[PDB]
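**Q** Fold the following and give me the result.
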Amino acid sequence: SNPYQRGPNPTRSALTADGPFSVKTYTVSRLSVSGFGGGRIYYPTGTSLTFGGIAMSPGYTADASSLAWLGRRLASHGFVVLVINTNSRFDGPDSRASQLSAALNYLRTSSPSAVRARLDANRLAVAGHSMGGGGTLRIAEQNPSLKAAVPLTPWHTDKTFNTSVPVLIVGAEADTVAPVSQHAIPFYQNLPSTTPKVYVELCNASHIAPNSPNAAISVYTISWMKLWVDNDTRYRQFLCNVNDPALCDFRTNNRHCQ
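**A** Numbers count the residues shown, from 1 in each chain. The structure is reproduced below:
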């Protein structure tokens, strides 16, 4: 009865490793696209189902390769994921928002046949690291049809995003690049009270925590994407009355548990 539901009934343990789908990859050359610097698509194979799309942005100086682990992790749980490179490694967060937008358009329209075969273009979300997380907040505001947004250790000079798109922000307690009280926390607090939102802060973690496999980032990112991209209420268990020793801050307006 949920036509977007994929994969077995989840356990926390299952969400800390690659999921039940085999993953194929497709390198998107910078030359082959406009509006962004290419990147890589991670998509399920050996399946006759379709999945929602996620576009993901790395941060300042970084490229898509840094977040490959999370591209594979999300795709393996049943998503078409395009991790972008930026036109310039120095692009700021509002530029990254424009480039995520171009990437979603390409994903739905000009990606390979095999990729569009596995894509439900009606169900799209965004995530990103650092300035890529600032661009995640900005594109959410610009594209209300997006199902979810997951800024990871986000950085932006703008602290207020007027988005209706459900947002889960991951902060890192020992982040010195985008300190939580000046970035992650105000982003969360300044989002509309009517918008479903969650803030989680990683204990014993720094700005670079999203650049390598991280059990907590995997659990909360997969769970938020599942709940909102797939309407998969089985993932509420990870998001509702949580007691996670990996988390040092948990905040919600409780619009996601019912």
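**Q** measure stretch 14-23 end to end?
**A** Between the start and the finish of stretch 14-23 there is a gap of 16 Å, counting by CA to CA, to the nearest Å.
**Q** contacting residues around that stretch?
**A** Contacting residues not belonging to stretch 14-23 are listed as 6-8, 42-47, 72-73, 75-78, 215, 218-219, 222-223, 238 [CB atoms under 8 Å, 6 or more residues apart in numbering]. The way it works is simple: take the backbone N, C-alpha and C, and place the C-beta from them, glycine included.
**Q** which residues in the stretch 151-258 of the chain form strands?
**A** Under the criterion DSSP state E, counting those that start in this stretch, the stretch 151-258 of the chain contains strands at 167-172, 197-202, 247-252.
**Q** Quick one: the helices in the stretch 101-250 of the chain, in order.
**A** With DSSP state H, counting those that start in this stretch applied, the stretch 101-250 of the chain shows helices at 113-117, 131-142, 184-190, 215-229, listed in chain order.
**Q** circling back to that earlier point, which among the contacts of stretch 14-23 end up buried?
**A** 6-7, 42-44, 72-73, 75-78, 218-219, 222-223, 238 (16 or more other CB atoms under 10 Å).
**Q** quick one on the thing from earlier: let me know which of the helices of the stretch 101-250 of the chain is tucked in deepest.
**A** Greatest average neighbour count among these goes to helix 131-142 (a mean of 28), per mean count of other CB atoms under 10 Å.
**Q** So which residues make contact with that one?
**A** Helix 131-142 has contacts (CB under 8 Å, 6+ apart) with 56-60, 62, 91-97, 99-101, 126-128, 146, 149-156, 158, 161-163, 165, 167, 169, 187.
**Q** Using CSV, please lay out the strands of the stretch 151-258 of the chain together with mean neighbour count and distance to residue 234.
**A** Converted to CSV, the strands of the stretch 151-258 of the chain look like this (neighbours: other CB atoms under 10 Å; distance: least, CB to CB, whole Å):
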stretch, mean neighbour count, distance to residue 234
strand 167-172, 27, 17
strand 197-202, 24, 17
strand 247-252, 16, 18
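**Q** Select, out of these, the one closest to residue 105.
**A** Proximity of these to residue 105 was assessed by CB to CB; the nearest stretch is strand 167-172, lying at 21.9 Å.
**Q** Name the nearest residue to residue 73, ignoring sequence neighbours.
**A** In space, residue 73 comes closest to residue 218 once its chain neighbours are excluded; the distance is 5.4 Å by CB to CB, 6 or more residues apart in numbering.
**Q** And for residue 69?
**A** Once chain neighbours are set aside, the closest to residue 69 by CB to CB, 6+ apart is residue 213, at 5.0 Å.
**Q** The one you found contacts residue 71, correct?
**A** No: using CB atoms under 8 Å as the test, residue 213 is too far from residue 71 to be in contact (11.8 Å).
**Q** neighbour-wise, which of these two wins?
**A** When neighbours are counted by other CB atoms under 10 Å, residue 71 comes out ahead of the other of residue 213 and residue 71, with 24 against 14.
**Q** do you know how far that one is from residue 222?
**A** Here the criterion is CB to CB, to the nearest Å. By it, residue 71 lies 13 Å from residue 222.
**Q** Now compare the buried ones among the contacts of stretch 14-23 and name the two farthest from each other.
**A** The two members of the buried ones among the contacts of stretch 14-23 with the most space between them (CB to CB) are 43 and 238, at 23.8 Å.
**Q** Relative to residue 58, how far out is residue 125?
**A** Look at residue 125 and residue 58: by CB to CB, they are 16 Å apart.
**Q** Residue 25 too?
**A** When distance is defined by CB to CB, residue 25 is 16 Å away from residue 58.
**Q** Which residue of those two possesses the greater neighbour count?
**A** For residue 25 against residue 58, the residue with the higher neighbour count under other CB under 10 Å is residue 58, and the figures read 28 against 14.
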